[PDB]
Amino acid sequence: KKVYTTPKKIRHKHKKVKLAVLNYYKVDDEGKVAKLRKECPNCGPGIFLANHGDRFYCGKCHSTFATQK
Amino acid sequence: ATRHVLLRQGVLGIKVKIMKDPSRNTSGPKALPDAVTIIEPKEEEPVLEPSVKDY
RNA sequence: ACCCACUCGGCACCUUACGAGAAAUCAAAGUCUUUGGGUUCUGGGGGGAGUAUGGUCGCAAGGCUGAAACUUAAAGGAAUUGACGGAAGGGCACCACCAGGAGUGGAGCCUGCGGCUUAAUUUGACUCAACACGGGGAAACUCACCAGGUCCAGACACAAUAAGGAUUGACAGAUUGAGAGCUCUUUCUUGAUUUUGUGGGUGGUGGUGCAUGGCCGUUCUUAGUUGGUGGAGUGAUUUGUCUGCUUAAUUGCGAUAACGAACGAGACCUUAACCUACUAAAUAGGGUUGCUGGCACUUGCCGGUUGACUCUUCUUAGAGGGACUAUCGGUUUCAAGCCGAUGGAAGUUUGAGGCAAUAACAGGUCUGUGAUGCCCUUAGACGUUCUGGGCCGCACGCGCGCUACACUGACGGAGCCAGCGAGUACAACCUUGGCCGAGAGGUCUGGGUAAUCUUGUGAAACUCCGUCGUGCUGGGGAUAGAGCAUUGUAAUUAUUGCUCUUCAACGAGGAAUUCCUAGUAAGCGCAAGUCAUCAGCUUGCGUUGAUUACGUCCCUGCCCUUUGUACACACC
Ligand SMILES: [Mg+2]
Ligand SMILES: [Mg+2]
Ligand SMILES: [Mg+2]
Ligand SMILES: [Mg+2]
Ligand SMILES: [Mg+2]
Ligand SMILES: [Mg+2]
Ligand SMILES: [Mg+2]
Ligand SMILES: [Mg+2]
Ligand SMILES: [Mg+2]
Ligand SMILES: [Mg+2]
Ligand SMILES: [Mg+2]
Ligand SMILES: [Mg+2]
Ligand SMILES: [Mg+2]
Ligand SMILES: [Mg+2]
Ligand SMILES: [Mg+2]
Ligand SMILES: [Zn+2]
């Protein structure tokens with residue numbers, strides 16, 4: 001065979017930067033709950049939005065929002 | 001019937017040929033087509049008078 | 001001077017050897033392990049070496065005489081089978097040659113392979129038996145090559161995080177060839193699938209066909225191959241398997257230490273040839289007749305209709321037969337057979353293939369292969385996958401091919417007859433008929449999963465009447481420009497078609513050498529194969545259809561046979 005090329009730069013799959021208890025939602029009293037951000041309009045509650053500078057997208061429906069909140 | 005087979009050292013080239021007997025072949029001819037087998041003849045008695053035999 | 005018989009002396013042959021001998025052979029090389037007639041001489045693996053030395057002899061050359069050290073596993077002899085031989089006879093074959101044909105090589109163009117070039121122009125194959133081959137006509141794919149990126153397709157085993165996440169995803173623009181989350185900008189998803197290591201694998205058009213299998217090719221479709229007894233030899237072996245004549249053939253006659261056998265050849269098989277003799281048909285074709293179109297106009301001629309009735313010549317295609325060199329003539333030991341007439345569809349093994357032995361070859365294939373050994377590799381993968389290229393580049397070498405160098409023509413019309421084929425329902429196949437378009441090609445509609453429709457595939461070359469007449473001319477179409485089509489996601493490095501224009505080389509090709517003996521060669525086209533699209537390619541098919549042998553060993557090759565052979569990895 002002929003020799004291989006070798007530019008240099010290699011790109012690996014990102015490790016993701018995992019995190020737990022992360023870090024939305026709150027409770028002031030104890031019993032009741034006080035949701036932060038919002039839940040999904042399309043799917044049922046339990047799934048939450050993603051808050052950026054006037055841009056949102058969900059996870060269960062890959063990336064399907066548009067309107068602000 | 002050919003069949004490739006291992007072993008560990010390399011692949012072995014088995015072939016097998018079995019010339020089946022014509023008599024027990026059934027399908028096709030019951031004989032190899034060059035094989036001509038002539039039957040035995042049968043004897044008779046010449047003359048013994050012209051003779052007859054009525055009913 | 002013979003003949004004939006026998007004899008002392010000389011020089012040599014034949015057969016059996018029962019005697020010798022390793023055998024070749026030998027009536028001596030016999031009378032030798034059943035060892036002794038007499039005598040002289042020489043040799044003790046090969047070399048070193050007939051050398052060194054010393055004599056001794058010679059004019060000298062040289063002779064006679066004659067070492068070891070060292071070296072080495074064989075050196076020989078004879079024969080056996082091979083292989084080989086610029087040895088000799090005897091065969092065979094248009095992959096040999098004649099007698100001819102068609103050519104190719106020249107011309108242009110395709111298309112192989114060199115060579116050069118390139119980032120890559122991927123490689124295999126190099127006398128027949130590499131070179132229009134890899135079913136290899138590559139636009140990407142294919143793809144192995146190169147420039148770039150992506151992906152894990154990292155089986156399982158054991159451990160480190162084990163939810164205070166193991167890790168999966170990810171629009172927006174910069175990023176990036178790029179609505180590749182390829183990522184760095186991000187801060188939302190995902191729930192133990194995995195990811196980090198170490199064993200271990202998996203894949204790899206990586207490597208080695210000189211590690212192999214299968215298949216193929218090639219010796220060779222040549223006529224060769226083998227054994228069982230029996231003989232000859234100690235034996236390897238051999239004879240059988242051969243002086244001749246035949247055959248396409250080790251095919252047979254025949255002669256014969258061989259007899260009868262098998263393999264291969266043949267037989268066989270498939271196909272192509274013949275059937276007014278069967279069995280059969282509105283998916284094959286005809287006859288009468290109905291309706292119905294036209295004619296001449298008498299009754300007659302052509303039709304068109306799946307209206308009826310019936311038939312099987314053609315057609316298919318079953319089942320049979322048929323050819324056996326048959327009959328006659330010569331000709332040949334009046335054998336095997338060959339040669340000529342007659343008839344007969346068939347008288348070339350009737351034509352063609354299909355299979356095709358022994359033994360092999362370091363032929364070719366690791367790029368058909370989850371056929372594969374072992375070296376490679378195994379996440380920056382030589383894996384995979386996308387994206388663009390590249391195999392097609394050109395001073396130039398050869399190799400199949402095509403088109404022509406015209407008047408046996410070219411161009412117009414007109415006439416107008418084939419066969420093999422092949423073809424879609426989960427796709428997009430063959431695609432008539434009707435309209436549009438100079439074309440190509442669109443479109444509606446069908447028929448067809450096919451002796452039914454495409455399709456009589458009314459294919460071409462041909463045949464007729466005209467235009468030009470032997471001028472690089474209307475021959476010849478290459479190179480070019482522009483457009484109009486079609487395939488596909490994508491056509492520039494024209495995919496192909498069509499349009500008009502360009503009109504180059506080339507007035508039958510040197511040395512060479514290919515193919516060929518009958519429905520063949522040569523011409524012509526069709527056809528499937530590959531194919532979305534491309535035919536100069538190819539395996540089939542049918543059309544037109546000669547010339548010239550119907551022999552020979554002159555060349556080439558091969559084969560035996562005898563001979564030789566310091567060869568046996570076998571003339572590299
Ligand atoms: Mg590379
Ligand atoms: Mg010695
Ligand atoms: Mg082709
Ligand atoms: Mg192409
Ligand atoms: Mg593969
Ligand atoms: Mg014997
Ligand atoms: Mg022999
Ligand atoms: Mg034949
Ligand atoms: Mg080999
Ligand atoms: Mg491999
Ligand atoms: Mg090529
Ligand atoms: Mg060829
Ligand atoms: Mg048809
Ligand atoms: Mg001109
Ligand atoms: Mg040959
Ligand atoms: Zn959503």
# chains A, B, ... in the order shown; residues from 1 in each chain; ligands from 1
call {"tool": "residues_near_ligand", "arguments": {"ligand": "ligand 5", "cutoff": "12 Å", "atoms": "only C-alpha atoms (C1' of nucleotides) and all ligand atoms", "output": "list in words"}}
result
residues 143, 144, 203, 204, 205, 206, 367, 368, 369, 370, 383 and 384 of chain C
call {"tool": "write_last_selection", "arguments": {"atoms": "N, CA, C and O atoms (P, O5', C5', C4', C3', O3' and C1' of nucleotides)", "output": "PDB file, in the first residue's frame"}}
result
ATOM      1  P     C C 143     -16.528  -3.270  -5.232  1.00  0.00           P
ATOM      2  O5'   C C 143     -16.169  -1.946  -4.422  1.00  0.00           O
ATOM      3  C5'   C C 143     -15.160  -1.954  -3.396  1.00  0.00           C
ATOM      4  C4'   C C 143     -14.164  -0.840  -3.618  1.00  0.00           C
ATOM      5  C3'   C C 143     -14.614   0.562  -3.200  1.00  0.00           C
ATOM      6  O3'   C C 143     -13.628   1.238  -2.424  1.00  0.00           O
ATOM      7  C1'   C C 143     -13.750   0.604  -5.395  1.00  0.00           C
ATOM      8  P     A C 144     -13.439   0.904  -0.868  1.00  0.00           P
ATOM      9  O5'   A C 144     -12.118   0.016  -0.857  1.00  0.00           O
ATOM     10  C5'   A C 144     -10.846   0.575  -1.229  1.00  0.00           C
ATOM     11  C4'   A C 144      -9.972  -0.498  -1.833  1.00  0.00           C
ATOM     12  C3'   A C 144      -8.693  -0.034  -2.523  1.00  0.00           C
ATOM     13  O3'   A C 144      -7.633   0.086  -1.574  1.00  0.00           O
ATOM     14  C1'   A C 144      -9.795  -1.748  -3.787  1.00  0.00           C
ATOM     15  P     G C 203     -15.840 -12.085  11.015  1.00  0.00           P
ATOM     16  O5'   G C 203     -15.530 -10.852  10.055  1.00  0.00           O
ATOM     17  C5'   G C 203     -16.601 -10.035   9.550  1.00  0.00           C
ATOM     18  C4'   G C 203     -16.137  -8.613   9.341  1.00  0.00           C
ATOM     19  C3'   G C 203     -15.105  -8.402   8.247  1.00  0.00           C
ATOM     20  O3'   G C 203     -15.736  -8.387   6.970  1.00  0.00           O
ATOM     21  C1'   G C 203     -14.453  -7.211  10.179  1.00  0.00           C
ATOM     22  P     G C 204     -15.036  -9.099   5.718  1.00  0.00           P
ATOM     23  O5'   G C 204     -13.745  -8.198   5.476  1.00  0.00           O
ATOM     24  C5'   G C 204     -13.886  -6.816   5.105  1.00  0.00           C
ATOM     25  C4'   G C 204     -12.544  -6.127   5.064  1.00  0.00           C
ATOM     26  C3'   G C 204     -11.447  -6.828   4.281  1.00  0.00           C
ATOM     27  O3'   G C 204     -11.563  -6.512   2.906  1.00  0.00           O
ATOM     28  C1'   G C 204     -10.594  -6.102   6.358  1.00  0.00           C
ATOM     29  P     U C 205     -12.134  -7.579   1.875  1.00  0.00           P
ATOM     30  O5'   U C 205     -10.898  -7.780   0.893  1.00  0.00           O
ATOM     31  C5'   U C 205     -11.085  -7.876  -0.529  1.00  0.00           C
ATOM     32  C4'   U C 205     -10.431  -6.712  -1.238  1.00  0.00           C
ATOM     33  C3'   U C 205     -10.908  -5.314  -0.856  1.00  0.00           C
ATOM     34  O3'   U C 205      -9.798  -4.407  -0.836  1.00  0.00           O
ATOM     35  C1'   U C 205     -11.433  -5.759  -3.133  1.00  0.00           C
ATOM     36  P     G C 206      -8.928  -4.189   0.516  1.00  0.00           P
ATOM     37  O5'   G C 206      -7.425  -4.397   0.024  1.00  0.00           O
ATOM     38  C5'   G C 206      -6.675  -5.588   0.346  1.00  0.00           C
ATOM     39  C4'   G C 206      -5.564  -5.282   1.328  1.00  0.00           C
ATOM     40  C3'   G C 206      -4.286  -6.079   1.109  1.00  0.00           C
ATOM     41  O3'   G C 206      -3.464  -5.374   0.177  1.00  0.00           O
ATOM     42  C1'   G C 206      -4.899  -6.093   3.428  1.00  0.00           C
ATOM     43  P     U C 367      -9.063 -11.486  -0.914  1.00  0.00           P
ATOM     44  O5'   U C 367      -9.904 -11.381  -2.265  1.00  0.00           O
ATOM     45  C5'   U C 367      -9.546 -10.442  -3.296  1.00  0.00           C
ATOM     46  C4'   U C 367     -10.649 -10.335  -4.323  1.00  0.00           C
ATOM     47  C3'   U C 367     -10.414 -11.074  -5.630  1.00  0.00           C
ATOM     48  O3'   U C 367     -11.662 -11.434  -6.215  1.00  0.00           O
ATOM     49  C1'   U C 367     -10.323  -8.744  -6.019  1.00  0.00           C
ATOM     50  P     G C 368     -11.822 -12.829  -6.987  1.00  0.00           P
ATOM     51  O5'   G C 368     -13.365 -13.172  -6.802  1.00  0.00           O
ATOM     52  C5'   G C 368     -14.388 -12.191  -7.038  1.00  0.00           C
ATOM     53  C4'   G C 368     -15.734 -12.761  -6.673  1.00  0.00           C
ATOM     54  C3'   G C 368     -15.876 -13.288  -5.256  1.00  0.00           C
ATOM     55  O3'   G C 368     -16.045 -12.249  -4.300  1.00  0.00           O
ATOM     56  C1'   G C 368     -16.789 -14.856  -6.747  1.00  0.00           C
ATOM     57  P     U C 369     -14.781 -11.677  -3.493  1.00  0.00           P
ATOM     58  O5'   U C 369     -15.137 -12.018  -1.976  1.00  0.00           O
ATOM     59  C5'   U C 369     -14.974 -13.344  -1.430  1.00  0.00           C
ATOM     60  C4'   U C 369     -16.303 -14.062  -1.377  1.00  0.00           C
ATOM     61  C3'   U C 369     -16.465 -15.030  -0.217  1.00  0.00           C
ATOM     62  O3'   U C 369     -17.124 -14.355   0.852  1.00  0.00           O
ATOM     63  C1'   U C 369     -16.919 -16.152  -2.273  1.00  0.00           C
ATOM     64  P     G C 370     -16.328 -13.887   2.163  1.00  0.00           P
ATOM     65  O5'   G C 370     -17.043 -14.718   3.317  1.00  0.00           O
ATOM     66  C5'   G C 370     -17.454 -16.085   3.110  1.00  0.00           C
ATOM     67  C4'   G C 370     -17.805 -16.720   4.436  1.00  0.00           C
ATOM     68  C3'   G C 370     -19.203 -17.318   4.558  1.00  0.00           C
ATOM     69  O3'   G C 370     -19.252 -18.721   4.314  1.00  0.00           O
ATOM     70  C1'   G C 370     -18.616 -16.023   6.499  1.00  0.00           C
ATOM     71  P     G C 383     -10.085   0.022   4.971  1.00  0.00           P
ATOM     72  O5'   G C 383     -10.888  -1.325   5.235  1.00  0.00           O
ATOM     73  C5'   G C 383     -10.617  -2.118   6.408  1.00  0.00           C
ATOM     74  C4'   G C 383     -11.902  -2.660   6.985  1.00  0.00           C
ATOM     75  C3'   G C 383     -13.182  -2.013   6.484  1.00  0.00           C
ATOM     76  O3'   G C 383     -13.542  -2.741   5.314  1.00  0.00           O
ATOM     77  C1'   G C 383     -13.141  -1.943   8.843  1.00  0.00           C
ATOM     78  P     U C 384     -14.656  -2.185   4.334  1.00  0.00           P
ATOM     79  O5'   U C 384     -15.962  -2.263   5.245  1.00  0.00           O
ATOM     80  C5'   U C 384     -17.191  -1.625   4.859  1.00  0.00           C
ATOM     81  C4'   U C 384     -17.778  -0.830   6.007  1.00  0.00           C
ATOM     82  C3'   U C 384     -18.428   0.484   5.613  1.00  0.00           C
ATOM     83  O3'   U C 384     -19.727   0.293   5.050  1.00  0.00           O
ATOM     84  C1'   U C 384     -17.119   0.790   7.574  1.00  0.00           C
TER      85        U C 384
END
call {"tool": "residues_around", "arguments": {"residues": "residue 565 (chain C)", "least_positions_apart": "4", "cutoff": "12 Å", "atoms": "only C-alpha atoms (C1' of nucleotides)", "output": "MDAnalysis selection string"}}
result
chainID C and resid 83:85 87 570:571
call {"tool": "interface_residues", "arguments": {"of": "chain A", "to": "chain C", "cutoff": "8 Å", "atoms": "only C-alpha atoms (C1' of nucleotides)", "output": "JSON, numbers by chain"}}
result
{"A": [6, 8, 10, 11, 15, 16, 18, 19, 20, 21, 49, 50, 51, 52, 57, 58, 59, 60, 62, 63, 64]}
call {"tool": "residues_near_ligand", "arguments": {"ligand": "ligand 7", "cutoff": "12 Å", "atoms": "only C-alpha atoms (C1' of nucleotides) and all ligand atoms", "output": "VMD selection string"}}
result
chain C and resid 81 225 to 227 237 to 242
call {"tool": "interface_residues", "arguments": {"of": "chain C", "to": "chain B", "cutoff": "10 Å", "atoms": "only C-alpha atoms (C1' of nucleotides)", "output": "PyMOL selection string"}}
result
chain C and resi 211-214+266-268+371-374
call {"tool": "write_last_selection", "arguments": {"atoms": "N, CA and C atoms (P, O5', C5', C4', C3', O3' and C1' of nucleotides)", "output": "PDB file, in the first residue's frame"}}
result
ATOM      1  P     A C 211       2.182 -19.506  -1.156  1.00  0.00           P
ATOM      2  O5'   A C 211       2.505 -19.732   0.389  1.00  0.00           O
ATOM      3  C5'   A C 211       3.408 -20.766   0.833  1.00  0.00           C
ATOM      4  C4'   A C 211       2.684 -21.819   1.643  1.00  0.00           C
ATOM      5  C3'   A C 211       1.671 -22.689   0.906  1.00  0.00           C
ATOM      6  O3'   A C 211       2.251 -23.642   0.017  1.00  0.00           O
ATOM      7  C1'   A C 211       0.763 -22.054   2.976  1.00  0.00           C
ATOM      8  P     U C 212       1.388 -24.239  -1.205  1.00  0.00           P
ATOM      9  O5'   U C 212      -0.100 -24.267  -0.644  1.00  0.00           O
ATOM     10  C5'   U C 212      -1.197 -24.718  -1.455  1.00  0.00           C
ATOM     11  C4'   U C 212      -2.286 -25.232  -0.551  1.00  0.00           C
ATOM     12  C3'   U C 212      -3.632 -25.524  -1.192  1.00  0.00           C
ATOM     13  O3'   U C 212      -3.705 -26.785  -1.840  1.00  0.00           O
ATOM     14  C1'   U C 212      -3.972 -24.213   0.716  1.00  0.00           C
ATOM     15  P     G C 213      -4.693 -26.973  -3.081  1.00  0.00           P
ATOM     16  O5'   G C 213      -6.133 -26.837  -2.415  1.00  0.00           O
ATOM     17  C5'   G C 213      -6.635 -27.869  -1.558  1.00  0.00           C
ATOM     18  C4'   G C 213      -8.042 -27.557  -1.119  1.00  0.00           C
ATOM     19  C3'   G C 213      -9.095 -27.490  -2.212  1.00  0.00           C
ATOM     20  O3'   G C 213      -9.544 -28.767  -2.663  1.00  0.00           O
ATOM     21  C1'   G C 213      -9.367 -25.645  -0.785  1.00  0.00           C
ATOM     22  P     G C 214      -9.540 -29.157  -4.230  1.00  0.00           P
ATOM     23  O5'   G C 214     -10.966 -28.658  -4.753  1.00  0.00           O
ATOM     24  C5'   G C 214     -12.169 -28.690  -3.942  1.00  0.00           C
ATOM     25  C4'   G C 214     -13.207 -27.701  -4.446  1.00  0.00           C
ATOM     26  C3'   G C 214     -13.287 -27.490  -5.955  1.00  0.00           C
ATOM     27  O3'   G C 214     -14.188 -28.410  -6.558  1.00  0.00           O
ATOM     28  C1'   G C 214     -13.031 -25.403  -4.903  1.00  0.00           C
ATOM     29  P     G C 266     -15.409 -39.498 -28.017  1.00  0.00           P
ATOM     30  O5'   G C 266     -16.062 -40.771 -28.728  1.00  0.00           O
ATOM     31  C5'   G C 266     -15.812 -41.065 -30.125  1.00  0.00           C
ATOM     32  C4'   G C 266     -16.150 -42.504 -30.462  1.00  0.00           C
ATOM     33  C3'   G C 266     -17.546 -42.990 -30.099  1.00  0.00           C
ATOM     34  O3'   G C 266     -18.574 -42.623 -31.011  1.00  0.00           O
ATOM     35  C1'   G C 266     -15.994 -44.570 -29.349  1.00  0.00           C
ATOM     36  P     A C 267     -19.903 -41.909 -30.471  1.00  0.00           P
ATOM     37  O5'   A C 267     -20.707 -43.094 -29.772  1.00  0.00           O
ATOM     38  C5'   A C 267     -21.168 -44.242 -30.506  1.00  0.00           C
ATOM     39  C4'   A C 267     -21.584 -45.328 -29.544  1.00  0.00           C
ATOM     40  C3'   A C 267     -22.666 -44.932 -28.545  1.00  0.00           C
ATOM     41  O3'   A C 267     -23.964 -45.165 -29.070  1.00  0.00           O
ATOM     42  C1'   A C 267     -20.834 -45.858 -27.380  1.00  0.00           C
ATOM     43  P     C C 268     -25.001 -43.963 -29.170  1.00  0.00           P
ATOM     44  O5'   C C 268     -25.086 -43.436 -27.670  1.00  0.00           O
ATOM     45  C5'   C C 268     -25.515 -44.296 -26.602  1.00  0.00           C
ATOM     46  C4'   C C 268     -25.271 -43.648 -25.259  1.00  0.00           C
ATOM     47  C3'   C C 268     -25.944 -42.302 -25.052  1.00  0.00           C
ATOM     48  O3'   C C 268     -27.277 -42.529 -24.602  1.00  0.00           O
ATOM     49  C1'   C C 268     -23.658 -42.140 -24.442  1.00  0.00           C
ATOM     50  P     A C 371     -19.054 -19.301   2.847  1.00  0.00           P
ATOM     51  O5'   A C 371     -17.503 -19.058   2.582  1.00  0.00           O
ATOM     52  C5'   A C 371     -16.830 -19.642   1.458  1.00  0.00           C
ATOM     53  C4'   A C 371     -15.879 -20.706   1.937  1.00  0.00           C
ATOM     54  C3'   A C 371     -14.776 -20.237   2.882  1.00  0.00           C
ATOM     55  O3'   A C 371     -15.190 -20.185   4.241  1.00  0.00           O
ATOM     56  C1'   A C 371     -13.829 -21.534   1.160  1.00  0.00           C
ATOM     57  P     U C 372     -14.438 -19.219   5.275  1.00  0.00           P
ATOM     58  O5'   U C 372     -12.943 -19.761   5.276  1.00  0.00           O
ATOM     59  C5'   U C 372     -12.511 -20.817   6.149  1.00  0.00           C
ATOM     60  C4'   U C 372     -11.073 -21.160   5.845  1.00  0.00           C
ATOM     61  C3'   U C 372     -10.039 -20.204   6.415  1.00  0.00           C
ATOM     62  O3'   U C 372      -9.706 -20.515   7.765  1.00  0.00           O
ATOM     63  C1'   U C 372      -9.544 -20.660   4.135  1.00  0.00           C
ATOM     64  P     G C 373      -8.606 -19.643   8.547  1.00  0.00           P
ATOM     65  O5'   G C 373      -7.247 -20.413   8.235  1.00  0.00           O
ATOM     66  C5'   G C 373      -6.914 -21.666   8.862  1.00  0.00           C
ATOM     67  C4'   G C 373      -5.461 -22.000   8.614  1.00  0.00           C
ATOM     68  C3'   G C 373      -4.445 -21.023   9.187  1.00  0.00           C
ATOM     69  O3'   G C 373      -4.138 -21.225  10.567  1.00  0.00           O
ATOM     70  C1'   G C 373      -3.912 -21.452   6.932  1.00  0.00           C
ATOM     71  P     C C 374      -4.382 -20.052  11.653  1.00  0.00           P
ATOM     72  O5'   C C 374      -3.069 -19.151  11.546  1.00  0.00           O
ATOM     73  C5'   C C 374      -1.763 -19.661  11.889  1.00  0.00           C
ATOM     74  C4'   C C 374      -0.692 -19.120  10.958  1.00  0.00           C
ATOM     75  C3'   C C 374      -0.408 -17.626  11.023  1.00  0.00           C
ATOM     76  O3'   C C 374       0.517 -17.366  12.078  1.00  0.00           O
ATOM     77  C1'   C C 374      -0.690 -18.258   8.766  1.00  0.00           C
TER      78        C C 374
END
call {"tool": "residues_around", "arguments": {"residues": "residue 260 (chain C)", "least_positions_apart": "2", "cutoff": "12 Å", "atoms": "only C-alpha atoms (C1' of nucleotides)", "output": "PyMOL selection string"}}
result
chain C and resi 228-230+240+258+262
call {"tool": "write_last_selection", "arguments": {"atoms": "C-alpha atoms (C1' of nucleotides)", "output": "PDB file, in the first residue's frame"}}
result
ATOM      1  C1'   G C 228      -4.822 -59.082 -13.787  1.00  0.00           C
ATOM      2  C1'   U C 229      -2.644 -63.354 -14.630  1.00  0.00           C
ATOM      3  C1'   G C 230       1.879 -65.804 -18.034  1.00  0.00           C
ATOM      4  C1'   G C 240       0.762 -57.034 -23.136  1.00  0.00           C
ATOM      5  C1'   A C 258       1.020 -63.249 -24.529  1.00  0.00           C
ATOM      6  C1'   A C 262     -11.080 -51.660 -17.661  1.00  0.00           C
TER       7        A C 262
END
call {"tool": "residues_near_ligand", "arguments": {"ligand": "ligand 8", "cutoff": "8 Å", "atoms": "only C-alpha atoms (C1' of nucleotides) and all ligand atoms", "output": "number ranges by chain"}}
result
C: 349, 352-353
call {"tool": "write_last_selection", "arguments": {"atoms": "N, CA, C and O atoms (P, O5', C5', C4', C3', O3' and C1' of nucleotides)", "output": "PDB file, in the first residue's frame"}}
result
ATOM      1  P     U C 349     -16.533 -39.001 -41.640  1.00  0.00           P
ATOM      2  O5'   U C 349     -17.538 -39.320 -40.445  1.00  0.00           O
ATOM      3  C5'   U C 349     -18.074 -40.650 -40.283  1.00  0.00           C
ATOM      4  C4'   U C 349     -18.299 -40.980 -38.827  1.00  0.00           C
ATOM      5  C3'   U C 349     -19.476 -40.272 -38.155  1.00  0.00           C
ATOM      6  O3'   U C 349     -20.399 -41.184 -37.555  1.00  0.00           O
ATOM      7  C1'   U C 349     -17.505 -40.098 -36.831  1.00  0.00           C
ATOM      8  P     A C 352     -18.898 -31.858 -37.355  1.00  0.00           P
ATOM      9  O5'   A C 352     -19.380 -30.943 -36.144  1.00  0.00           O
ATOM     10  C5'   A C 352     -19.206 -29.518 -36.210  1.00  0.00           C
ATOM     11  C4'   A C 352     -20.221 -28.818 -35.347  1.00  0.00           C
ATOM     12  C3'   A C 352     -20.052 -29.005 -33.843  1.00  0.00           C
ATOM     13  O3'   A C 352     -19.094 -28.132 -33.249  1.00  0.00           O
ATOM     14  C1'   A C 352     -22.298 -29.394 -34.427  1.00  0.00           C
ATOM     15  P     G C 353     -17.596 -28.642 -32.925  1.00  0.00           P
ATOM     16  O5'   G C 353     -17.374 -28.161 -31.420  1.00  0.00           O
ATOM     17  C5'   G C 353     -17.844 -28.921 -30.284  1.00  0.00           C
ATOM     18  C4'   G C 353     -19.102 -28.303 -29.719  1.00  0.00           C
ATOM     19  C3'   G C 353     -19.417 -28.671 -28.273  1.00  0.00           C
ATOM     20  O3'   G C 353     -19.025 -27.615 -27.399  1.00  0.00           O
ATOM     21  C1'   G C 353     -21.209 -29.341 -29.699  1.00  0.00           C
TER      22        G C 353
END
call {"tool": "residues_around", "arguments": {"residues": "residue 233 (chain C)", "least_positions_apart": "6", "cutoff": "12 Å", "atoms": "only C-alpha atoms (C1' of nucleotides)", "output": "ChimeraX atom specification"}}
result
/C:23,79-80,239
call {"tool": "write_last_selection", "arguments": {"atoms": "N, CA and C atoms (P, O5', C5', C4', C3', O3' and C1' of nucleotides)", "output": "PDB file, in the first residue's frame"}}
result
ATOM      1  P     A C  23      23.854 -60.143 -12.628  1.00  0.00           P
ATOM      2  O5'   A C  23      23.692 -59.621 -14.124  1.00  0.00           O
ATOM      3  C5'   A C  23      22.490 -58.943 -14.497  1.00  0.00           C
ATOM      4  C4'   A C  23      22.763 -57.680 -15.269  1.00  0.00           C
ATOM      5  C3'   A C  23      23.342 -57.861 -16.663  1.00  0.00           C
ATOM      6  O3'   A C  23      22.199 -58.163 -17.459  1.00  0.00           O
ATOM      7  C1'   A C  23      24.590 -56.252 -15.493  1.00  0.00           C
ATOM      8  P     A C  79      25.126 -51.278 -19.778  1.00  0.00           P
ATOM      9  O5'   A C  79      23.647 -50.818 -19.395  1.00  0.00           O
ATOM     10  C5'   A C  79      22.493 -51.666 -19.585  1.00  0.00           C
ATOM     11  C4'   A C  79      21.757 -51.841 -18.278  1.00  0.00           C
ATOM     12  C3'   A C  79      20.441 -51.091 -18.136  1.00  0.00           C
ATOM     13  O3'   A C  79      19.424 -51.699 -18.949  1.00  0.00           O
ATOM     14  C1'   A C  79      21.687 -50.922 -16.129  1.00  0.00           C
ATOM     15  P     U C  80      18.378 -50.790 -19.812  1.00  0.00           P
ATOM     16  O5'   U C  80      17.316 -50.321 -18.721  1.00  0.00           O
ATOM     17  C5'   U C  80      16.732 -51.293 -17.830  1.00  0.00           C
ATOM     18  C4'   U C  80      15.678 -50.671 -16.955  1.00  0.00           C
ATOM     19  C3'   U C  80      14.968 -49.456 -17.523  1.00  0.00           C
ATOM     20  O3'   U C  80      13.955 -49.850 -18.445  1.00  0.00           O
ATOM     21  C1'   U C  80      15.655 -48.981 -15.331  1.00  0.00           C
ATOM     22  P     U C 239       7.093 -52.448 -22.705  1.00  0.00           P
ATOM     23  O5'   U C 239       6.721 -53.926 -23.162  1.00  0.00           O
ATOM     24  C5'   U C 239       7.640 -54.732 -23.923  1.00  0.00           C
ATOM     25  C4'   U C 239       7.164 -56.161 -23.977  1.00  0.00           C
ATOM     26  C3'   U C 239       5.687 -56.355 -24.291  1.00  0.00           C
ATOM     27  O3'   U C 239       5.441 -56.215 -25.688  1.00  0.00           O
ATOM     28  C1'   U C 239       6.284 -57.704 -22.456  1.00  0.00           C
TER      29        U C 239
END
call {"tool": "residues_near_ligand", "arguments": {"ligand": "ligand 9", "cutoff": "8 Å", "atoms": "only C-alpha atoms (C1' of nucleotides) and all ligand atoms", "output": "count of residues only"}}
result
5
call {"tool": "residues_near_ligand", "arguments": {"ligand": "ligand 14", "cutoff": "10 Å", "atoms": "only C-alpha atoms (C1' of nucleotides) and all ligand atoms", "output": "list in words"}}
result
residues 472, 473, 474, 475, 476, 477 and 503 of chain C
call {"tool": "write_last_selection", "arguments": {"atoms": "C-alpha atoms (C1' of nucleotides)", "output": "PDB file, in the first residue's frame"}}
result
ATOM      1  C1'   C C 472      -9.208  13.262 -51.410  1.00  0.00           C
ATOM      2  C1'   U C 473     -15.279  13.843 -55.843  1.00  0.00           C
ATOM      3  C1'   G C 474     -21.886  13.262 -54.147  1.00  0.00           C
ATOM      4  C1'   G C 475     -15.902   8.472 -51.693  1.00  0.00           C
ATOM      5  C1'   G C 476     -14.620   8.917 -46.338  1.00  0.00           C
ATOM      6  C1'   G C 477     -16.336  10.315 -41.948  1.00  0.00           C
ATOM      7  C1'   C C 503     -14.939  18.608 -43.683  1.00  0.00           C
TER       8        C C 503
END
